[PDB]
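Enquirer: experimental coordinates follow, after the sequence.
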Amino acid sequence: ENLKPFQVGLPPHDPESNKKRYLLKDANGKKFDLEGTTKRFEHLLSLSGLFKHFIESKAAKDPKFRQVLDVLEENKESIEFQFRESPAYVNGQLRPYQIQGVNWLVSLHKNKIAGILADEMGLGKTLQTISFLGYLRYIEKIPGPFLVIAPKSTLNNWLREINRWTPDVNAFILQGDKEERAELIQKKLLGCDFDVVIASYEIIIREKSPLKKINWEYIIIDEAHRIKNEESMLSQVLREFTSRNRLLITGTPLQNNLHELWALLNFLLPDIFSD
DNA sequence: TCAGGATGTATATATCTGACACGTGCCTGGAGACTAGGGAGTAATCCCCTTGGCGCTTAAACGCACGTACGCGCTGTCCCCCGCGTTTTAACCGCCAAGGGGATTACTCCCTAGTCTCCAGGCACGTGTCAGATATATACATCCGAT
Ligand SMILES: Nc1ncnc2c1ncn2[C@@H]1O[C@H](COP(=O)(O)OP(=O)(O)O)[C@@H](O)[C@H]1O
Ligand SMILES: [Mg+2]
């Protein structure tokens, strides 16, 4: 009603323009970015020097990462929008711990790395993620795309809240028998008429081939312990998804083991926990 | 008989994966001595099988003729099984937990088999008996088809 001034500067919604970024035209454009890895490792070392343990072993493996190590060796404001009040682009109020979560999300984003949200149940994690995505939309000017894999039960709830506290965002959920699901696919997904896709652990396995053919800004995930095993078919499928970074909204991680946590971390930043 | 539908059948196309190629370590197939026993050649001896016949007995096999009953074709008449639409529910993936089962890969070692040497009891073979089972007759009993 009054937060629309933030919407100024966004391009008009048009599938023809969205096809430029949504579809990844490069058939095999996936490649190891030296710059991103160097930035990640530089910041990681800056926080603490202990992380070289993985790095040196990985340099003992494939040496074209060892030369990245050498490059990072020889060469040696980003102000958080603290949002002391509730973000304007979201109609409603946010509690201070919610605000700190938002700031953590932003700070990790402008560091070319990510971070598992594992807050306790009931503390509006979905609110955190919707707020952060709205931050990317209004401030960072990346409307989409964003995959929001979640459990089938809460799909309606995620859609309800995302339409409630940020109505401007266009989003839908895949569902239904394969005929109407494919209708939605051909009409909006490959039509590039969205900003936030919502699916289920089953649909991701089902409709991967359409979802492969999109450069994914993030791949959000709801309660993540489902992904605790990295030999699970869902984990295998959720690795060919070309993507910039990822998020793992969850409850309590490390439920019955430590290797579990290793794989959970390996999902976010494979180039660090590669071994 | 001809126009009206539903169903493979080709067409072209993006995707997945699992055949195909390549490099290493290990084991086993090949080269080379040595030897001993299995089999090939020989040569007695007895019994069976062959290919021509010949003559005789005696049932079966063949042919012929009524003459039924049954295999086959038609008709009828159900009734039961197929085609089709509509729900719904069970298979089919995906998961989670822990532990047991089964395959390897070494080590170890007992004990139980093979390998010999003697040596006597099996058991197989060649005989000489009897009795269990025919074959006839012979009287009895016991279905089957037509008055
Ligand atoms: N004004 C509000 N501020 C913060 N949280 C709220 C507000 N109104 C509702 N919520 C809660 O935020 C929650 C976000 O969903 P959540 O309970 O975290 O589900 P999940 O744990 O599956 O993500 C909702 O359940 C809702 O009860
Ligand atoms: Mg949740």
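Expert: Received the coordinates, thanks. Numbering: from 1, shown residues only, chains lettered A, B, ... in the order given. Ligands and ions are numbered 1, 2, ... in the order given.

Enquirer: how about the residues of chain A by ligand 1?
Expert: Residues of chain A found near ligand 1 (Cβ under 6 Å from any ligand atom) are A:92-93, A:121-122, A:124-127, A:154. For the C-beta atoms, the positions are set from N, CA and C on the backbone; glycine is no exception.

Enquirer: buried subset of these?
Expert: A:124-127, A:154 (16 or more other Cβ atoms under 10 Å).

Enquirer: for residue A:113, state which of these is nearest.
Expert: residue A:125 (19.5 Å; Cβ to Cβ).

Enquirer: excluding sequence neighbours, find me the nearest residue to residue A:91.
Expert: Leaving out its chain neighbours, the residue that sits closest to residue A:91 by Cβ to Cβ, 6 or more residues apart in numbering is residue A:165, at 5.9 Å.

Enquirer: which stretches of the stretch 1-150 of chain A form helices?
Expert: A:15-21, A:34-47, A:52-60, A:63-74, A:96-109, A:125-138 (DSSP state H, counting those that start in this stretch).

Enquirer: nearest approach to residue A:265 belongs to which of those helices?
Expert: Using Cβ to Cβ as the measure, helix A:52-60 is the one of the helices of the stretch 1-150 of chain A that comes nearest residue A:265, at 10.7 Å.

Enquirer: surely the residue nearest to residue A:91 meets residue A:129?
Expert: No. Applying Cβ atoms under 8 Å, one finds residue A:165 not in contact with residue A:129, separated by 11.4 Å.

Enquirer: residues near residue A:118, how many?
Expert: Counted with other Cβ atoms under 10 Å, the neighbours of residue A:118 add up to 17.

Enquirer: state the distance from it to ligand 1.
Expert: Using Cβ to the nearest ligand atom, to the nearest Å, we find residue A:118 at a distance of 11 Å from ligand 1.

Enquirer: who does residue A:220 form a beta bridge with?
Expert: Beta-bridge pairing for residue A:220 (DSSP bridges): residue A:148.

Enquirer: let's have the helices of the stretch 1-150 of chain A in JSON lines, adding distance to residue A:269.
Expert: Below are the helices of the stretch 1-150 of chain A laid out as JSON lines (distance: least, Cβ to Cβ, whole Å):
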{"stretch": "helix A:15-21", "distance to residue A:269": "24"}
{"stretch": "helix A:34-47", "distance to residue A:269": "7"}
{"stretch": "helix A:52-60", "distance to residue A:269": "10"}
{"stretch": "helix A:63-74", "distance to residue A:269": "14"}
{"stretch": "helix A:96-109", "distance to residue A:269": "11"}
{"stretch": "helix A:125-138", "distance to residue A:269": "18"}
